[PDB]
Amino acid sequence: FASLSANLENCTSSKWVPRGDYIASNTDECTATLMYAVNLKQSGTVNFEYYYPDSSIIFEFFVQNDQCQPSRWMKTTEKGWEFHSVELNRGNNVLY
Amino acid sequence: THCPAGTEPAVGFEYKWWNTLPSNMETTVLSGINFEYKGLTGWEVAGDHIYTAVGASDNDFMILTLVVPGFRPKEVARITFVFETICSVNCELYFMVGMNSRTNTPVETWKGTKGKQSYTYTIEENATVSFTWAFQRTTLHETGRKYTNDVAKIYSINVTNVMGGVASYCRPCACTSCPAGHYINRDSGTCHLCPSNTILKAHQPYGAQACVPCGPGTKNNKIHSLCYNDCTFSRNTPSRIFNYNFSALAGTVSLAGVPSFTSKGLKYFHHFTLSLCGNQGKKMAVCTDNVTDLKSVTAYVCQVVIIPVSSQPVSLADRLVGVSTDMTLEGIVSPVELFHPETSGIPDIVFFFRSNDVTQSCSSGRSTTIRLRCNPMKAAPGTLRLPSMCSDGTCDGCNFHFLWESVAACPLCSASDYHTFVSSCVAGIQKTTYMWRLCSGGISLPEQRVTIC
Amino acid sequence: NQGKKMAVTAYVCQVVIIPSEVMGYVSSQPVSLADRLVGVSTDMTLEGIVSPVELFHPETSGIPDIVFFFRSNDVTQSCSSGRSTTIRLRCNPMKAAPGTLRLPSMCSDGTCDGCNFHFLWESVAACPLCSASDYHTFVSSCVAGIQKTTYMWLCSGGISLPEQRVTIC
Amino acid sequence: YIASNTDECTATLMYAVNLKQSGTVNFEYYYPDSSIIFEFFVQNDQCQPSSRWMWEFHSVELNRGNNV
Ligand SMILES: *[C@@H]1O[C@H](CO)[C@@H](O[C@@H]2O[C@H](CO)[C@@H](O)[C@H](O)[C@H]2NC(C)=O)[C@H](O)[C@H]1NC(C)=O
Ligand SMILES: *[C@@H]1O[C@H](CO)[C@@H](O)[C@H](O)[C@H]1NC(C)=O
Ligand SMILES: *[C@@H]1O[C@H](CO)[C@@H](O)[C@H](O)[C@H]1NC(C)=O
Ligand SMILES: *[C@@H]1O[C@H](CO)[C@@H](O)[C@H](O)[C@H]1NC(C)=O
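Basis of the calculations
- The numbering scheme restarts from 1 for each chain and tracks the written sequence of that chain rather than necessarily the entry's numbering. Residues without coordinates are not displayed.
- The lettering of chains begins at A and the numbering of ligands begins at 1, in the order of writing.
- Any value quoted here refers to the chains shown, not to the larger assembly they are part of.
- Think of the side-chain values as coming from all heavy atoms in the structure, minus any hydrogens and water.
- Residues with missing side-chain atoms are left out of burial classes, side-chain pairs and their counts.
- Only runs of H or I of at least four residues qualify as helices and only runs of E of at least two qualify as strands under DSSP, and these elements are numbered from the N terminus.
- One requirement defines pairing of two strands: DSSP has to find at least two bridges between them.
- Axis lines are fitted through C-alpha atoms, for helices just across the contact stretch, and the angle between N-to-C directions can take any value from 0 to 180 degrees.
- Note on definitions: a residue-residue contact is assigned when non-hydrogen atoms from the two residues lie within 4.5 Å.
- When two parts are put together, the accessible area they lose, computed with a 1.4 Å probe and summed over both, is reported as buried area.
- By salt bridge we mean one thing: a side-chain nitrogen of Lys or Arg within 4 Å of a carboxyl oxygen of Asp or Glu.
- A 3.5 Å cut-off defines polar contacts: any pair of N or O atoms within that distance qualifies, except that in protein one atom must be a possible hydrogen donor and the other a possible acceptor, and neighbouring residues in sequence count only when both atoms are side-chain atoms.
- In the scheme used here, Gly and all other residues not listed as nonpolar or charged are polar, with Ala, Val, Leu, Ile, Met, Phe, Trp, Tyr, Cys and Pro taken as nonpolar and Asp, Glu, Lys and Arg as charged.
- Proximity is defined per residue: any heavy atom of the residue falling within 4 Å of a molecule or strand makes that residue near it.
- The Shrake-Rupley method, run with a 1.4 Å probe, gives the accessible areas here. Residue values count only the displayed protein chains as cover.
- For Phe, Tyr and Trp, rings pair up if their centres lie within 6.5 Å, where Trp contributes its six-membered ring, and each pair is then called stacked (planes under 30 degrees apart), edge-to-face (over 60) or tilted (otherwise).
- Note on exposure labels: buried denotes an accessible area under 20% of the residue type's maximum, exposed denotes more than 50%, and partly exposed covers the range between, all computed with a 1.4 Å probe on protein chains only.
- Counted as over-ring charges are cases with an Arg CZ or a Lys NZ within 6 Å of the ring centre that also lie within 35 degrees of the ring normal.

- As stated in the entry header, the method of structure determination is cryo-EM and the reported resolution is 3.5 Å.

Structure below.
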């Protein structure tokens, strides 16, 4: 995992922090990207549980594909943690 | 006791005691550590007041959710709470409102220890609304339930215009809805009309006490919901009568300040949509949440801050205060020290429109001040310039003020205003030419005429 | 600037620029438009060069419009006669700004002629310097022992507005 | 050879090759006129920029990632 954090236009100290059993997003105004570069040898999917408490902070989960070629926004979650899943191809997909 | 047939059938919720928990409200615990529904008993009734019970940890949220399906007939429902907090530190009351079963949004979030107070909320439109009061004893996480003193007391809950509820109090009525402009009155026995230039309030039905006359320089709307501005103000002066015109200012304008960087690199700038008058009292200047679509507030002046987008919309002009050239009107003044002295030098005009919403930061409520000026060199139909000292206009905290300059703002000059340059009868010739000496519009410039002497 | 054409060096510079943000960052096709001076006068024609006055709207003031001519030395296949630039000068009283240069509406690019590039400039200073007898006279005559002499004004600058004086009749 | 588009249109020639070892790319490019600009870069395994602009001879360095 690469926890790249950059100012959108210091927030370098603000990034996705491993809070505990769950990771936590930065509360302040900055772009904190959590990126994973995994080479899927077979067609597969990704299943992760995401908590969306408030609409103040937006959540984006797009897996850029093998050629770097790129519905990205995740809807709000109420009550439970909810469940998300997208399809992935055989290319070197890089989750963000 | 049975409500009299004269009074309208009104049903409301009032729980001054908690010997028996109302069926509408249910208790639930969300553990702070794992952010999952524990299914515990968050709040324990004490007969008189309801308080937060101790769960697995004090960081866990104590949720008490009350759900109403609809509202029985933009302040259709005014819910009022009496919250008393004996909490010590890290005391949050996440009062959330779900409009039409949407994601819960915290309208107000009190912080720290607070005494008993009354808070009112506005339901913009009829829908399913759930009031959830979330309490967190401590923001920091510590092992053990060492903090049970932090308990929030809510011993009074009042809900207005509820569907399928008990009739805790019945409001009066004459029972058909009187036409707009007629105050509902039960003792009179017939639909009685309010006096002219008066607006009636529906919150207090009986009598004309809620029917309040309009302010200076205003006209009543046919609906009597809010006063209307004629856009032409006429005041008396010893020299003559001054008739300031603002007809061209009815249309909305888009003026925003320079972007300002935050503590971080993010930048923002405030943009207000101002509708001075006209449109038969319709305040259609609304700010929506376009960024959310990837709500809207109706007011003459609309507040929205947009980043390089559409967020934080709050109404600024809901109730009309008054319209006159005097600085003060109903105890509301504008920061004239920020506005530069005008070049023309005529007495400046100021318009006042106060928003109904009251927040913690604005105890007196949101009152909006609009300063009107006239400048001869402003050949454009309108040049709205923001105050230089307060670029955002929020330096006062509750008074948002802009500066408008246009040629039409000058008073309508009378007949004797134009300078006279009539020539006298010498050598058998005389010339009579008239031209203006601050005048606006009026009769055209009279032409010269020749006559023998 | 003592004849210095620092705006290629020419009084009028031609450059078409694409948006820089669309490209991802712009300055291309530079050609001089004003290398040789043709003439300066209010007449439409000067040394066989005229401006498309039909494109320019009639001015509000109504005074005879001024036109400046500066021809570029470069000669191309498309422009056999060479590049000649025409600049139309106008004066408008309501133009309180120091200068408002407005492009011709009919020819937005200004290259419809093929060799004549024309813009329209409007400013208060373009009006002629009015003489002494220009301001309107409104002197009052001697009746009842009182007379008033007040003078007031298309004029530009000049002597300040004279003040009124009182004298017995 | 392969020819670029003479139009004012963004046409990209992309190759996604997985280098099991660090290596280089050696290609010959012709630049007759400056009207059409040439851009050649390598994007590493985390889609990321690893200079950008350019019969002559050209060569750049590549990493062990899935260079594109
Ligand atoms: C919602 O409305 C539009 C939709 O994109 C955006 O604001 C306008 O964007 C257009 C496109 O450049 C501009 O020409 C307009 O000037 C913008 N409106 C204003 C008032 O400046 C934006 O996404 C959202 N804007 C608002 C005000 O909600
Ligand atoms: C800029 O960012 C660096 C990186 O964390 C930080 O150490 C520094 O304090 C920042 N500068 C500020 C906050 O002025
Ligand atoms: C809520 O307060 C209003 C304020 O006048 C009152 O009229 C109403 O009766 C109250 N609600 C109940 C259920 O009593
Ligand atoms: C309010 O909306 C609810 C549905 O959300 C509906 O059942 C109810 O009838 C509405 N109240 C009216 C129309 O007065």
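Further notes follow.
## With respect to the overall build of chain A
So, step 1. Scanning chain A from N- to C-terminus turns up zero helices and six strands.
So, step 2. Counted from the first residue to the last, chain A has its helices and strands arranged as β-β-β-β-β-β.
So, step 3. Overall, the C-alpha framework of chain A stretches about 35 × 35 × 25 Å when taken along its three principal axes.

## Remarks on the sheet that holds strand β6 (residues 100–102) of chain C
All names here are of chain C.
So, step 1. Judged by pairing direction, the sheet is mixed, and its five strands sit side by side in the order β3-β4-β5-β7-β6 without closing on themselves. Each edge of the open sheet carries a strand with a single partner, namely β3 (36–41) and β6. Between one strand axis and the next, the sheet turns by 20 degrees as a mean value, whatever way the strands run.
So, step 2. Alignment of strand β4 (residues 66–71) against strand β5 (residues 84–91), held across six bridges, turns out to be antiparallel. Across the sheet, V67 pairs through a bridge with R88, a residue of β5.

## A few points about the interface of chain A and chain B
So, step 1. Contacts between the two partners involve 15 residues from chain A and, on the opposite side, 13 residues from chain B.
So, step 2. Roughly 1,300 Å² is buried in total at the junction of chain A and chain B, and carbon and sulfur atoms are behind 58% of that figure.
So, step 3. Here chain A and chain B share zero salt bridges between them.
So, step 4. Here chain A is connected to chain B by three residue pairs in polar contact.
So, step 5. Tallied by class, the residues present in the side of chain A that touches chain B amount to seven nonpolar, three polar and five charged.

## Digging into the site of ligand 1
Residue and element names in this part refer to chain B.
So, step 1. Every residue close to ligand 1 is listed here: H271, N290, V309 and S310.
So, step 2. Within the side chain of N290, one N or O atom sits 2.4 Å away from an oxygen atom of ligand 1.
So, step 3. Here an oxygen atom of ligand 1 and a side-chain polar atom of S310 are 3.1 Å apart.
So, step 4. Bound to the protein, ligand 1 loses 28% of the 550 Å² it would expose on its own.
So, step 5. Classifying every residue of the shell around ligand 1 gives one nonpolar, three polar and no charged.

## Looking at the packing of aromatic side chains
So, step 1. Summed over the entire model, instances satisfying the criterion amount to 41 aromatic pairs over all chains.
So, step 2. With a centroid separation of 6.0 Å and an interplanar angle of 20 degrees, the aromatic rings of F421 of chain B and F138 of chain C are classed as stacked. Within this pair, whereas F421 of chain B is found in the loop between β30 (418–420) and β31 (434–436), its partner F138 of chain C is found in the loop between β8 (136–137) and β9 (151–152), the two belonging to separate chains.
So, step 3. On the basis of relative accessible area, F421 of chain B is assigned to the buried category, the value being 17%.
So, step 4. Consider the rings of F27 of chain D and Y29 of chain D, whose centres lie 6.0 Å apart with planes at 40 degrees: the pair is tilted.
So, step 5. What links up through ring pairs into an aromatic cluster is the set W16, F48, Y50, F59 and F61 of chain A.
So, step 6. The residue whose ring lies beneath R72 of chain A is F62 of chain A, and the NZ or CZ to ring-centre distance is 5.9 Å.

## Side note on the interface of chain D and chain A
So, step 1. Opposite the nine residues of chain D that make contact, chain A presents 11 residues.
So, step 2. Here chain D packs against chain A, burying approximately 800 Å² in sum over the two surfaces, 58% of which is carbon and sulfur.
So, step 3. If you sort the residues of chain D by the area they bury against chain A, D45, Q46 and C47 of chain D come out on top, with a joint share of 54%.
So, step 4. Here chain D is connected to chain A by zero salt bridges.
So, step 5. For the pair chain D and chain A, the interface holds three residue pairs in polar contact.
So, step 6. The residue makeup of the side of chain D that touches chain A, split by class, is four nonpolar, four polar and one charged.

## Regarding the sheet that holds strand β5 (residues 61–68) of chain B
Residues and elements named next belong to chain B.
So, step 1. A sheet is described by the order of its strands in space; here five strands give the open sequence β2-β5-β10-β7-β8, paired in antiparallel fashion. What marks the edges here is a single partner per strand, and that holds for β2 (25–30) and β8 (105–111). Averaged over neighbouring strand pairs, the angle between their axes works out to 20 degrees when direction is ignored.
So, step 2. Note: β2 against β5, six bridges, orientation antiparallel. Bridged to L30 within β5 is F61.

## As for the site of ligand 4
All names here are of chain B.
So, step 1. In the neighbourhood of ligand 4, the contacting residues comprise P69, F71, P73, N126, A127, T128 and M163.
So, step 2. A distance of 3.4 Å separates an oxygen atom of ligand 4 from a polar backbone atom of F71.
So, step 3. Between an oxygen atom of ligand 4 and a side-chain N or O atom of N126, the distance comes to 2.4 Å.
So, step 4. For ligand 4, whose accessible area on its own is 360 Å², the fraction buried by protein is 47%.
So, step 5. For the shell around ligand 4, a count of residues per class yields five nonpolar, two polar and no charged.

## Comments concerning the pattern of salt bridges
So, step 1. Enumeration over the complete set of coordinates arrives at 14 salt bridges over all chains.
So, step 2. Two residues, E75 of chain B and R78 of chain B, come together in a salt bridge whose shortest N-O distance is 2.8 Å.
So, step 3. Accessibility expressed as a relative area gives 32% for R78 of chain B, which makes it partly exposed.
So, step 4. Of the charged contacts in the structure, one is a salt bridge between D65 of chain C and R88 of chain C, with a shortest N-O distance of 3.0 Å. In this pair, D65 of chain C is assigned in the loop between β3 and β4 and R88 of chain C in strand β5, connecting sequence segments 23 residues apart. The pair formed by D65 of chain C and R88 of chain C is uniform in burial state, with each residue classed as buried.

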